[PDB]
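Enquirer: pasting the structure only:
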Ligand SMILES: C[C@@H]1CCCC[C@H]1OC(=O)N1CCC[C@H](C(N)=O)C1
Ligand SMILES: [Zn+2]
């Protein structure tokens, strides 16, 4: 679990969104595993606007942060799960690292701010849904 709070927006994994996220929907994209909902309180986070390919992410299943090198956002095949059929997920960045069920929502950050959130795992890999291209989160 986990979310990004920026301005009057809450960014979560689409497959973990709650009834309240859907009742306050701003934007969602099943192909990216993202959903953004509106909040009444001002958020705690700032978004990176950069091309970093190294950063640090939080892994809840180990209660620790790990440094990673990750690929540029791309279209990657993701196997069928109880949340989605087998499909290509877009704007996804892979890295070698630990990720198990429950780790989705962990934040990946670089020196410029939040880069994205954990969205895929298994096989000694961790995949992150990029948010750096969503410029409207800042306004
Ligand atoms: C994080 C899990 C670790 C063990 C192996 C499976 C890993 O699950 C996943 O990669 N997904 C399940 C939830 C939905 C994700 C998505 N963005 O489509 C894909
Ligand atoms: Zn950066």
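Expert: That came through fine. Numbering: from 1, shown residues only. Ligands and ions are numbered 1, 2, ... in the order given.

Enquirer: tell me the secondary structure at residue 137.
Expert: Judged by DSSP: H, G, I helix; E, B strand; the rest coil, the three-state class of residue 137 is helix.

Enquirer: that one and residue 24, how far apart?
Expert: 15 Å (Cβ to Cβ, to the nearest Å). In this view, the C-beta of every residue, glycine as well, is placed from N, C-alpha and C.

Enquirer: these two: which is more packed in?
Expert: Set side by side, residue 137 and residue 24 show more neighbours around residue 137, with 22 against 15, by other Cβ atoms under 10 Å.

Enquirer: quick one: contacts for the more buried one?
Expert: 6-7, 9, 11, 36, 47, 131 (Cβ atoms under 8 Å, 6 or more residues apart in numbering).

Enquirer: kindly identify which of those also come near ligand 2.
Expert: Checking the contacts of residue 137 against ligand 2 by Cβ under 5 Å from the ion, not one of them is in range.

Enquirer: now, the most widely separated pair of those?
Expert: Of all pairs drawn from the contacts of residue 137, the one with the longest distance (Cβ to Cβ) is 7 and 131, at 12.7 Å.

Enquirer: higher neighbour count, these two?
Expert: Higher neighbour count among residue 7 and residue 131: residue 131, with 25 against 16, using other Cβ under 10 Å.

Enquirer: surely the more buried one and residue 116 touch.
Expert: Yes: taking contacts as Cβ atoms under 8 Å, residue 131 lies within contact range of residue 116: 5.2 Å.

Enquirer: how about the contacts of residue 137 in JSON lines, adding distance to ligand 1 and secondary structure?
Expert: Conversion of the contacts of residue 137 to JSON lines gives the following (distance: Cβ to the nearest ligand atom, whole Å; DSSP: H, G, I helix; E, B strand; the rest coil):
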{"residue": "6", "distance to ligand 1": "21", "secondary structure": "strand"}
{"residue": "7", "distance to ligand 1": "25", "secondary structure": "coil"}
{"residue": "9", "distance to ligand 1": "20", "secondary structure": "strand"}
{"residue": "11", "distance to ligand 1": "14", "secondary structure": "strand"}
{"residue": "36", "distance to ligand 1": "16", "secondary structure": "strand"}
{"residue": "47", "distance to ligand 1": "20", "secondary structure": "strand"}
{"residue": "131", "distance to ligand 1": "14", "secondary structure": "coil"}
